[PDB]
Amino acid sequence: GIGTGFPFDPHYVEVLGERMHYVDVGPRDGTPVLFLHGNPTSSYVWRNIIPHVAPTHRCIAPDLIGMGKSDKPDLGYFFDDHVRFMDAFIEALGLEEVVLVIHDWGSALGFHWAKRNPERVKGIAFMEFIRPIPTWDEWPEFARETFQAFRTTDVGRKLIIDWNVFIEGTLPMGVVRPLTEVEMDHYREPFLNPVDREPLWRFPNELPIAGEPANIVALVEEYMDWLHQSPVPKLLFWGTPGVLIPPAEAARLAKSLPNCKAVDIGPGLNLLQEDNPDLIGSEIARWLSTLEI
């Protein structure tokens, strides 16, 4: 069934003094499609989606700094750090116009970049994306107590850094179907050493929940306001019950956002790519054929 391999030849580019790894496949010409993963994944999360798009479009899938095969500088790994590295990655590859395919923290990066570079975005496909979570009641009940505990320097660092709970617990709890041992080993590989787990803990502490942190909430509100008035073509994938995006929120956005098509992938939590990669990939390819790219 769902592929477990990661066949892609490694590419690296140096930005801000550090190497970022990326997948780069597909034809060399045309408008490239840039795939941005989130927490606690890597370009591995796109492995079964890219092959539907790569016949006809260049596919670029970087690993965020400190994640995947990318370098591990001694950083706080705040969202702001990821913004600087991704801004530099995009420019270092000489990308001009792009289509974005974005998920989780990759979607905050993608939307924030699109807001600041709107002339260069030809379309955005997005799923299980960062939006303001106004209260803890709007976080899924099944995941509420653990995410509240993650957002502390005592229990949260014990769980995420020392016990590897984000990889061993939260990740499988973000996929409806069972992950195999081989898939788990691909997700574990960047984080075998606890000293390398800072991004896994800082990311949930950056999530915009109940107004906190104020700076992230403001930045996310700004890109959501931009998205609501942007003519950019939009493709929204969602599942039931979801995690960041409940079905009601997907339906609300499908109506409120200009030029937006929405696609139900079936059962899904956070890593929709792991529950229905073939629908996501095939639908991205079909939608791309309708764009002026």
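The first residue of the sequence shown is number 1, and the count goes up from there.
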Avg C-alpha B-factor, entry values, 257 to 265 vs 45 to 53, higher side is 257 to 265
Higher avg CA temperature factor (25 to 33 vs 241 to 249, as deposited) belongs to 25 to 33
Given 168, 206, 183, 145, the residue at which the Cα B factor reaches its maximum
145
Out of 175, 159, 133, 99, which residue has the highest Cα temperature factor in the PDB record?
133
Give the position of residue 38 by CA B-factor within its chain, expressed as the lowest, middle or highest third.
lowest
Using the B-factor values recorded in the entry, state whether the Cα atom of residue 59 falls in the lowest, middle or highest third among the modelled residues of its chain.
middle
Ranked by Cα temperature factor within the chain, is residue 194 in the lowest third, the middle third or the highest third?
middle
CA B-factor placement of residue 103, once the chain's modelled residues are sorted into thirds:
lowest
Chain thirds by Cα B factor, record data; residue 155 belongs to the highest
